[PDB]
Every structure is written in C-alpha cells, then in structure tokens.
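Structure, as structure tokens:
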Amino acid sequence: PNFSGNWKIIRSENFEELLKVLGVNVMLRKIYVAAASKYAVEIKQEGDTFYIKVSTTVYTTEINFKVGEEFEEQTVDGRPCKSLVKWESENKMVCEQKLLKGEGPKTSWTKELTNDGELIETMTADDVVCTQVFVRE
Ligand SMILES: *C\C=C(C)/C=C/C=C(C)/C=C/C1=C(C)CCCC1(C)C
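Written out as structure tokens, the structure reads:
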C-alpha cells in the first residue's frame, strides 16, 4: 500500500467519548470535536519511513517515524509520549504510546488503507475507540 496523500476527513465517531476518558472538560471537548470535523492529514510514505503533517485551521504539527523505531510525539490530549509503529497486516499499522511523564489511560492509534480509496484512522484510550475516515483531496 501507499499511504501518501492529502487526506481530508469525511467522518469522525466517538471523539468526544475519547476525550472524556482523557479527562478533557466538556466545554473544551466540544471545541476540540469541532476542530476535528474539519482537519487534514498529509502523508508522504517512502517504504517504512513516514512523514505525517496534521493540521487544523490554526495549528499544524509534523510527525516523522520509521516503522519499528521508537520516536517522540504527543497524545491526543497533548502530552508528550514515546511511540512505536508496527504493521498489523498489508494495509494497516498500529502505534503504541508511553507517556514521558506521569500516568494516564493507555493510548494508541492505527492507520488503514482500504480497497475503496479511504484512509481509516483510529485513536484509542483504554476501552474507548475513536474512528475517523478520510479521502484524498
Ligand atoms: C496519523 C498519525 C499521527 C501521528 C496523527 C496525529 C494526530 C494529531 C496529533 C491530531 C490532533 C488533532 C486532532 C485529533 C483533531 C483536530 C485538532 C488536532 C490537529 C490537534
């Protein structure tokens, strides 16, 4: 698979529930959900090396990793973490995260390329899974 693309979100489910697990207060959850329903993921994939640029209207962040090599990024609720990405299958990867400081719910994310041209992302905090779907623009 080639995950490279300028991905635009078309669906987002269970994001508020995810943020609730992470302890984000309700007022702040609603505006975070609002930012998510119009946010973008740009991916450049070169073999097992990935360059990810995630952005909203006012914020952008770059995440660069190689499958199987630990890197540093941040959790959904904005805390620094050490991350490790592995393939689960031909078209799906999974990232496990460990907080650099403190404790919290266990968090992870996945990316999957479907046969029909979609990118499915998930983000997990303990038992709650958020699922987001993107198409190329
Ligand atoms: C797909 C791979 C990675 C590392 C994605 C990381 C995504 C984020 C840090 C996204 C954060 C945001 C969300 C979930 C929705 C809108 C607001 C943010 C850009 C802060």
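Take UniProt numbering: the final residue in the sequence shown is number 138, and no numbers are missing along the way.
All C-beta atoms in this analysis are idealised placements derived from N, C-alpha and C, irrespective of residue type, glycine included.
- With a threshold of 16 other beta carbon atoms within 10 Å, residue 104 falls short and is exposed.
- Residue selection by CB proximity (closer than 5 Å to any heavy atom of ligand 1) returns 36, 37, 40, 53, 55, 57 and 64 in chain order.
- For residue 30, the closest alpha carbon among the candidates 43, 15, 44 and 42 is that of 15.
- For residue 101, the secondary structure class from DSSP, reduced to helix, strand or coil, is coil.
- Remark: C-beta atoms of residue 95 and residue 19 do not approach each other more closely than 8 Å.
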